[PDB]
Amino acid sequence: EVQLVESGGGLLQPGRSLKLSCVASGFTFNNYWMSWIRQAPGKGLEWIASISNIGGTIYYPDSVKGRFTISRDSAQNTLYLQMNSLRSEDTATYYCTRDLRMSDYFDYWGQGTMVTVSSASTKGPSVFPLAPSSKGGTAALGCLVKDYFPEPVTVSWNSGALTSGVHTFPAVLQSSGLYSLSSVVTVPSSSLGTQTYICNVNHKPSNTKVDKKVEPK
Amino acid sequence: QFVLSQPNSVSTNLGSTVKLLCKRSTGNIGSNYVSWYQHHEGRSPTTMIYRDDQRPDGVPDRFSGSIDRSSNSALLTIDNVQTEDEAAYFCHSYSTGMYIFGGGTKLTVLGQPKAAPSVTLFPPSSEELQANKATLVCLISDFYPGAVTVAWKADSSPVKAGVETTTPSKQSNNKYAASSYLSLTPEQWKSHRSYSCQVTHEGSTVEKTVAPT
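First to last, the protein sequences are chains H and L.
For the first sequence, the positions run 1 to 52, 52A, 53 to 82, 82A to 82C, 83 to 100, 100A to 100B, 101 to 129, 133 to 214 when the authors' numbering is used.
For the second sequence, the positions run 1 to 9, 11 to 27, 27A to 27B, 28 to 66, 66A to 66B, 67 to 106, 106A, 107 to 209 when the authors' numbering is used.
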């Protein structure tokens, strides 16, 4: 059966370069056209490149014209996308497709390869406490995990002994290239005078661990 | 050359029927072939409809493609909608070495009653203020369907800078949650009487306010 497995990609810097790979198998590689489609996070699908089956005709939209170069190796059943002079906009998940030129549609899609392009480098988070506020009789407390890179961050509460009502929010991507997320817990408001709430933040990419105790005000 | 236009989000119920449209800006929708693709989060897209109204093997019979020249648009039709059909659908067409994709329509399969957002607003921590930084945290939870917009106000005036809001994310109980952050200088925070976070959900807004300690 048709298989399109993509490799390459990763984390880059503005103005740098990358070459993506798509290995093809399960069909006769030289018959079909090939294309690259990307989807930036929180965005729709966007067509990037299309090459003939012979490397004969090659179409590019204007957003990436002259920056990307699509190629193919018949001997190795491989489709390539050379991305040069990368930008923060080009951060997306890149999909490799087999085309059927006769019908104007992509009948098979790859697994996808993620490309990140940012001017950040590894950084541990600054963890601050989110002192409680109401929800009365039910209160909400947490701790803010600010300005880290890259993902992921893991948070547990009271070393995992506290799980009831724990909700760790997905991180936002800041315009500074750094991540921020929050982990909040909801608890009976009565227990604030007696219970100790400590959030254990773990950021393995920078090997940083932070424990912050959340007190009332 | 042209632009394929789809609605942003449509929602239906189980077993019911929905029609997803893909109008074409200029020219005739019947000039070139139309293609439909289903997309799940963290998942590779699969082709659902090719050559205007052909479905590949394995695609369920519920899915069907059509063309309506009266509106110069195409339609993807889903009968007897399932929970698994909650996804994103993209129409596609080709013309003169260009592959035109639509904006996509996020199909919501309404499997529970509508829920109003729970909104909690945190001021900057005292510790953060001493580090010469200040962040407001607006946590939005327990709403369905999962699409909200957030607006921040300083005193009573709209804030046009420093706002970062997450895309809504599906919670454990199949409801959705999102979060919003406002970055300030400590002097900004202390200078205003209050800051407020407004969450609009199904055209009805919930609002919470905090003020410097």
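Idealized CB from N, CA, C, for every residue including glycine.
Contact holds between the segment 31–49 of chain H and the segment 69–78 of chain H, because three or more Cβ pairs, one in each stretch, are under 8 Å apart. Straight across, the Cα-Cα distance linking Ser-92 (chain L) with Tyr-32 (chain L) is about 9 Å. Looking from the CA of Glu-203 (chain L), the closest CA among L:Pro-113, L:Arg-66B, L:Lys-129, L:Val-11 belongs to L:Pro-113.
Put simply, the segment 185–196 of chain H touches the segment 151–165 of chain H. At least three CB pairs are less than 8 Å apart.
Here the C-alpha atom of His-197 (chain L) lies approximately 32 Å from the C-alpha atom of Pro-119 (chain H). Listed along the chain, the chain H residues whose CB falls inside 8 Å of the CB of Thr-27 (chain L) amount to none; the nearest CB is some 18 Å away. In the assembly as shown, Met-108 (chain H) is an exposed residue. Its beta-carbon has fewer than 16 other beta-carbons within 10 Å.
Contact of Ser-175 (chain L) with chain H is assigned, a C-beta pair being separated by under 7 Å. Approximately 6 Å separates the beta-carbon atoms of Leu-4 (chain H) and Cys-22 (chain H); this is inside 8 Å, confirming the contact. At least one CB atom of chain H sits nearer than 7 Å to the CB of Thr-46 (chain L). Listed in chain order, the non-local C-beta contacts of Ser-113 (chain H) below 7 Å within the same chain comprise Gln-13, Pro-14, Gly-174, local neighbours out to five positions each way being set aside. Secondary structure of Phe-29 (chain H) (DSSP, three-state): helix. Sorting H:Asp-101, H:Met-82, H:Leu-189 by C-alpha distance to the C-alpha of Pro-126 (chain H) places H:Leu-189 at the top. When DSSP states are grouped into helix, strand and coil, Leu-106A (chain L) belongs to the coil group.
Shown here for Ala-130 (chain L): same chain residues with a beta carbon closer than 8 Å to its own, the five before and five after excluded, namely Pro-120, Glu-124, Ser-179, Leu-180, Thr-181, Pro-182, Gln-184, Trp-185 in chain order.
One thing to note: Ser-186 (chain H) has its Cβ within 7 Å of the Cβ of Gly-134 (chain H).
The beta carbon of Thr-18 (chain L) is closer than 6 Å to those of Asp-76 in its chain, skipping five residues each way along the sequence. Using a CB distance cut-off of 7 Å, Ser-113 (chain H) does not count as an interface residue toward chain L.
The Cβ neighbour count for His-39 (chain L), taken over all protein chains shown within 10 Å, is under 16; the residue is labelled exposed.
Only those residues of the segment 177–198 of chain H whose C-beta falls short of 7 Å from the nearest C-beta of chain L are listed: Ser-177, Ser-179, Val-181. Between the alpha carbons of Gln-53 (chain L) and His-200 (chain H) lies a gap of roughly 48 Å. The beta carbon of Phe-27 (chain H) sits closer than 7 Å to the beta carbons of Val-2 from its chain, once the five residues preceding and following it are set aside; these are given in chain order.
Within chain H, the residues placing a beta-carbon under 9 Å from that of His-89 (chain L) are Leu-45, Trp-47, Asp-100, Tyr-100A, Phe-100B, ordered along the chain.
Between the alpha carbons of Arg-50 (chain L) and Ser-63 (chain L) lies a distance of about 11 Å. By the neighbour-count definition (other C-beta atoms within 10 Å, threshold 16), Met-98 (chain H) is an exposed residue.
Within chain L, the C-beta atoms nearer than 7 Å to that of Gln-171 (chain H) come from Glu-160, in chain order. Annotation for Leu-125 (chain L): the continuous alpha helix (DSSP H) segment containing it runs 122–126. Going by DSSP, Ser-12 (chain L) is part of the beta strand (DSSP E) stretching over 9–13. In the DSSP assignment, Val-211 (chain H) is bridged to no other residue. With respect to chain H, the C-beta atom of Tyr-32 (chain L) has a partner C-beta closer than 7 Å. It is roughly 39 Å from the alpha-carbon of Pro-60 (chain H) to the alpha-carbon of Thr-165 (chain H). In summary, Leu-178 (chain H) is buried, with 16 or more beta-carbon neighbours lying within 10 Å of its beta-carbon over all protein chains present. Under the three-state reduction of DSSP output, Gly-10 (chain H) falls in the strand class.
Per DSSP, the beta bridge partners of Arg-25 (chain L) are L:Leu-4.
For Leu-124 (chain H), the nearest beta carbon of chain L is closer than 7 Å to its own beta carbon.
Under a criterion of Cβ atoms nearer than 9 Å, the residues of chain H adjacent to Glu-123 (chain L) are, in order, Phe-122, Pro-123, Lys-209.
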